[PDB]
Every structure is written in C-alpha cells, then in structure tokens.
Amino acid sequence: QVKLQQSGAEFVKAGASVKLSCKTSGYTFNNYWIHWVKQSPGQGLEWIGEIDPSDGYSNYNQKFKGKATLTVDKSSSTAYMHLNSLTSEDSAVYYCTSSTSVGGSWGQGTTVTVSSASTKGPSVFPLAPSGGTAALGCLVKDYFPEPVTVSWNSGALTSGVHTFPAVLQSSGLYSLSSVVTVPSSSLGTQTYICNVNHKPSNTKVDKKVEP
Amino acid sequence: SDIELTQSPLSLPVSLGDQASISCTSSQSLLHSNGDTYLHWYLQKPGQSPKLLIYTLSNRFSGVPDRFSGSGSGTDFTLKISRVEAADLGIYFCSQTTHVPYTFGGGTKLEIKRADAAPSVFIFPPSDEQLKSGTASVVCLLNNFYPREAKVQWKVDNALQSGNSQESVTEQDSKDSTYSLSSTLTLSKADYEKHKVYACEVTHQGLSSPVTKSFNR
C-alpha cells in the first residue's frame, strides 16, 4: 500500500536551486505530516523540517530555515522540498518520510550533487602486475559525474574482483580503481581486459592489462 | 542546543546466529508530556534508505521480526537482536522526535566477525600512458584483510606524504568477510620524475609489524 516515490538525481551548480519531490500513495495524504531528512558524509543524518498538508503549517530545523522550503500539492499527493543558494555542503541524499502511523516508511532518497564540473569521460590506465598470486587492475581517472562501471573480460571474470568506491579529487572530477587478483602463472597465457563504461559521456573503453 | 544521541559501540562484530546489543544515550530526557518516549530505531542497508524497526521506545513496527526488541528509559536505550542473520547487517541508527529539532545518533555498524587476516599488499607505479598525459598516480592495494582498521603511509625518497593521497574501501565481502582498500598518491609528472623510491607502508593488526612495498624508478 504506502509508497513514497522521490524524484531522480540532481546535478547542479553552486548558487543554483533545486526542487525535490516525493509522490505519495496508499494513504490519505491530507491527514499525516511529512518530514524531510538529509544524509551527508559530513553530518550524518539530520532532520530538516515537517509540514502538515492539511493547512500547510510547517516547522523547521533552525539550521535549514530559509535554505529549505517545504510545500505540498494535494491534487497529486506530492510533497516538495526546495533548496536554494546551493553549496557543496548541500551535496547529500535527501529523504522524504511518512508518519509512523501510516508505516513511517521513507522514500528511496534523492541524491543532489553540487558541482561546477561539466560532463566528461574518464581516461583508463593499466595497473600492471609485476609469490603465487598476482594483482592487476585499471585506474579510471578524471570523469564526471558518477557512475562508471567496470567489468573484467566481458563479465566472464568476477572471482577476486574489487571495484572501489570513487573518490572526488580536488579538481572536481572523480577517480577509481578496479582490481583483480589472479593466479601468478596465467600472466602471458591469459588476457585480461577491463571493460569500462561511463554512460553520461558515452565513453566505453576496453583496456588490456599486461606485464 | 540540539539533543545529542550517542551510540555505542561504533562497530559491532558478530557471528551469524549470535545475540547483538546496541545502545543509545540521550543528552536529555526523551519522555514527552503525553507519557510517551519518542526514541526510534532504524536499520540502513548499503545503498538503501533507513528502515524503521522500533518506534517510540519498544513498539515493534508491523512486519518487523520479533528478534528485534527495544528497551530502556529516560536517556538510556538498547536495541537487542536475538539471532543475527545476513538480513540484519548494516548501520543501526537511533533518533529522537520528542524535542524539536529531531536528531539522530551517528550509527552503529553491525558486521561479521572473522579471524584476523593480514592484507595482501601490492604497489603499482604510474603507467607510461598516464605519464605521457602529464600526471602520475601511484596506487597501493591492501587486499582481503580483517579487521577494517588499517593505516597506509606513503613515502617518496623518505619524505612522508601528507594530504596528497586518497583512500577508498570496499564493503565487507559477502563470502569471506574481509575488506579491501586502495590508496592513490597523486603527483605531477615533473615531481614523479624527480624522485626514485616510492614506498607504501601498511600497518595492520593482522601483521607482526608494518609491511612496506616499494619500487625504484
């Protein structure tokens, strides 16, 4: 029954605004309050504010008063949150939540990424191998936005693969590694290729990795 | 200011089928004037939204397994999980909605315990392709280790490198319960070509003492 369907990811620049939405169903929209929550690496989980759709009354975490604005639209059973004058401190996942009495489920979250950076494909560099088990990989460098995907030998190779989370470099571009450990004695017998894909730029690269 | 909720422990290793106990302390009384105590417990799985397990102290949310139980009062609260299973792994948060502004604890990670495993360490020089293009990334891989805590230290001709490296860590392995970590050291092409000994030193509980992997260019 109860569902909170939030809007998709947002990539916007500093000073810009965004408006997030949370379409509800499976309960009487007008009879329960709606809350928004921020989740960020820097501050963890924070309650932003609450709104009563019945009369539009709202109540804020003083920290977000003015920055966040809560509104509803009854016709569509949708709640909104407007964020203004965005800084990189506003880069976070934002959740919308129902009253506990209707279940108190949360929407799936909407990710807001505040950046200047423009879309850009990665360069792919080999992490070549050099007793018993060897390691090798690909460095997938200087792309925006997330995600990139990496597989090994067209999905055929999965055992011992670790694809690390991306890090945001001070340049405002991302970088990550994907590694695999293979048996030492296969090197020069067995070919290894990382299959890299960055859909936002349409950058697809298959990179062979060797001694 | 805001009510602070302090969780303990920060990380709780357990074995499947074990009992787990997580606590949450409040800087103020969470007893409301209506008699209720608005202290709630959530589980967040990786890449998912927080899920409510227990609300207002001990009310078990409809469809949440009875293995989860919430107790305590005033300012001291405990979540108990009687026979931990795969589905229960993730970060547990307490929160309070007694006093505006509503606040959240910092979370307690529930993870799988295993025997110490020393990381397998590998260093990778920058590729000639990358150097062509004007940057040098040096990569140090720490592979399949437990516990999570590991210190990586980059040294360039014995100069301790500080603030020019970045680490990334994988989620705990679904099969073998280990972690892996990569650390990337970034230099200019010019600076990389000024030095010889690139060295990654790894300190880990699973090792007799710090291992070093180096290469000379």
# chains A, B, ... in the order shown; residues from 1 in each chain; ligands from 1
>>> residues_around(residues="region 145-147 of chain A", least_positions_apart="4", cutoff="8 Å", atoms="only C-alpha atoms", output="list in words")
residues 118, 119, 120, 166, 173, 174, 198, 199 and 200 of chain A
>>> write_last_selection(atoms="N, CA and C atoms", output="PDB file, in the first residue's frame")
ATOM      1  N   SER A 118      31.781  19.954 -15.649  1.00  0.00           N
ATOM      2  CA  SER A 118      30.972  19.518 -16.768  1.00  0.00           C
ATOM      3  C   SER A 118      31.216  18.034 -17.041  1.00  0.00           C
ATOM      4  N   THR A 119      30.260  17.440 -17.742  1.00  0.00           N
ATOM      5  CA  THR A 119      30.312  16.037 -18.080  1.00  0.00           C
ATOM      6  C   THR A 119      31.601  15.768 -18.806  1.00  0.00           C
ATOM      7  N   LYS A 120      32.186  14.630 -18.484  1.00  0.00           N
ATOM      8  CA  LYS A 120      33.477  14.286 -19.001  1.00  0.00           C
ATOM      9  C   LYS A 120      33.777  12.803 -18.792  1.00  0.00           C
ATOM     10  N   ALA A 166      34.406   5.394  -5.912  1.00  0.00           N
ATOM     11  CA  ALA A 166      35.043   6.565  -6.483  1.00  0.00           C
ATOM     12  C   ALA A 166      35.435   7.521  -5.376  1.00  0.00           C
ATOM     13  N   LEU A 173      36.687  16.264 -10.223  1.00  0.00           N
ATOM     14  CA  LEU A 173      36.462  15.100 -11.037  1.00  0.00           C
ATOM     15  C   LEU A 173      36.705  13.860 -10.183  1.00  0.00           C
ATOM     16  N   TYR A 174      36.068  12.770 -10.591  1.00  0.00           N
ATOM     17  CA  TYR A 174      36.196  11.513  -9.870  1.00  0.00           C
ATOM     18  C   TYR A 174      37.321  10.634 -10.382  1.00  0.00           C
ATOM     19  N   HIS A 198      31.207   4.736 -19.060  1.00  0.00           N
ATOM     20  CA  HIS A 198      30.742   5.967 -18.475  1.00  0.00           C
ATOM     21  C   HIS A 198      29.599   6.540 -19.314  1.00  0.00           C
ATOM     22  N   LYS A 199      28.380   6.162 -18.941  1.00  0.00           N
ATOM     23  CA  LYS A 199      27.196   6.473 -19.744  1.00  0.00           C
ATOM     24  C   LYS A 199      26.926   7.971 -19.886  1.00  0.00           C
ATOM     25  N   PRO A 200      27.199   8.781 -18.843  1.00  0.00           N
ATOM     26  CA  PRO A 200      26.925  10.210 -19.026  1.00  0.00           C
ATOM     27  C   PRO A 200      27.657  10.908 -20.177  1.00  0.00           C
TER      28      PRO A 200
END
>>> interface_residues(of="chain B", to="chain A", cutoff="8 Å", atoms="only C-alpha atoms", output="MDAnalysis selection string")
chainID B and resid 48:52 55 61:62 100:106 122 124:127 129:130 166:170 180:182
>>> closest_residue(among="B:47, B:8, B:208, B:24", to="residue 110 (chain A)", atoms="only C-alpha atoms")
B:47
>>> closest_residue(among="B:53, B:89, B:112, B:12", to="residue 175 (chain B)", atoms="only C-alpha atoms")
B:112
>>> residues_around(residues="residue 191 (chain A)", least_positions_apart="6", cutoff="10 Å", atoms="only C-alpha atoms", output="number ranges by chain")
A: 153, 208-210
>>> closest_residue(among="A:138, A:114, A:4, A:68", to="residue 19 (chain A)", atoms="only C-alpha atoms")
A:68
>>> atom_distance(atom1="CA of residue 171 (chain B)", atom2="CA of residue 150 (chain B)")
14.5 Å
>>> select_by_dssp(residues="region 70-108 of chain A", states="helix (DSSP H, G or I)", output="CSV table (one decimal) with C-alpha atoms, in the first residue's frame")
chain,number,residue,atom,x,y,z
A,88,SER,CA,28.9,21.8,-1.9
A,89,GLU,CA,27.8,21.3,1.7
A,90,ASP,CA,24.3,20.7,0.2
A,100,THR,CA,4.9,6.3,11.8
A,101,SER,CA,1.1,5.7,11.9
A,102,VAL,CA,1.0,5.2,8.1
>>> select_by_dssp(residues="region 39-171 of chain B", states="strand (DSSP E)", output="number ranges by chain")
B: 39-44, 51-55, 59-60, 68-73, 76-81, 90-96, 103-104, 108-112, 120-124, 135-145, 151-156, 159-160, 165-169
>>> atom_distance(atom1="CA of residue 95 (chain B)", atom2="CA of residue 68 (chain B)")
16.3 Å
>>> closest_residue(among="B:153, B:58, B:26, B:158", to="residue 99 (chain B)", atoms="only C-alpha atoms")
B:26
>>> residues_around(residues="residue 22 (chain B)", least_positions_apart="2", cutoff="8 Å", atoms="only C-alpha atoms", output="list in words")
residues 7, 8, 9, 20, 24, 78, 79, 80 and 108 of chain B
>>> write_last_selection(atoms="N, CA and C atoms", output="PDB file, in the first residue's frame")
ATOM      1  N   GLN B   7      25.740   6.799  20.290  1.00  0.00           N
ATOM      2  CA  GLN B   7      25.607   5.370  20.103  1.00  0.00           C
ATOM      3  C   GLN B   7      26.859   4.632  20.484  1.00  0.00           C
ATOM      4  N   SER B   8      26.672   3.387  20.899  1.00  0.00           N
ATOM      5  CA  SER B   8      27.773   2.530  21.317  1.00  0.00           C
ATOM      6  C   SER B   8      27.422   1.057  21.109  1.00  0.00           C
ATOM      7  N   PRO B   9      28.345   0.243  20.580  1.00  0.00           N
ATOM      8  CA  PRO B   9      29.648   0.680  20.054  1.00  0.00           C
ATOM      9  C   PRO B   9      29.497   1.366  18.694  1.00  0.00           C
ATOM     10  N   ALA B  20      23.028  -9.704  19.454  1.00  0.00           N
ATOM     11  CA  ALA B  20      23.652  -8.364  19.364  1.00  0.00           C
ATOM     12  C   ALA B  20      22.927  -7.371  20.256  1.00  0.00           C
ATOM     13  N   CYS B  24      22.160   3.461  22.962  1.00  0.00           N
ATOM     14  CA  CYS B  24      21.965   4.830  22.536  1.00  0.00           C
ATOM     15  C   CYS B  24      21.669   5.652  23.743  1.00  0.00           C
ATOM     16  N   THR B  78      18.358   0.597  24.481  1.00  0.00           N
ATOM     17  CA  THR B  78      19.095  -0.534  23.951  1.00  0.00           C
ATOM     18  C   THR B  78      18.246  -1.210  22.909  1.00  0.00           C
ATOM     19  N   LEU B  79      18.890  -1.546  21.804  1.00  0.00           N
ATOM     20  CA  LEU B  79      18.302  -2.417  20.803  1.00  0.00           C
ATOM     21  C   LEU B  79      18.947  -3.795  20.900  1.00  0.00           C
ATOM     22  N   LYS B  80      18.117  -4.833  21.022  1.00  0.00           N
ATOM     23  CA  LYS B  80      18.595  -6.228  21.015  1.00  0.00           C
ATOM     24  C   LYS B  80      18.113  -7.001  19.810  1.00  0.00           C
ATOM     25  N   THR B 108      25.627   2.714  14.395  1.00  0.00           N
ATOM     26  CA  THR B 108      26.440   1.596  14.840  1.00  0.00           C
ATOM     27  C   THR B 108      26.421   0.565  13.714  1.00  0.00           C
TER      28      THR B 108
END
>>> closest_residue(among="B:27, B:216, B:205, B:69", to="residue 123 (chain B)", atoms="only C-alpha atoms")
B:216
>>> residues_around(residues="residue 211 (chain B)", least_positions_apart="6", cutoff="12 Å", atoms="only C-alpha atoms", output="number ranges by chain")
B: 118-123, 140, 142, 150-154, 199-205
>>> residues_around(residues="residue 164 (chain B)", least_positions_apart="6", cutoff="9 Å", atoms="only C-alpha atoms", output="count of residues only")
4
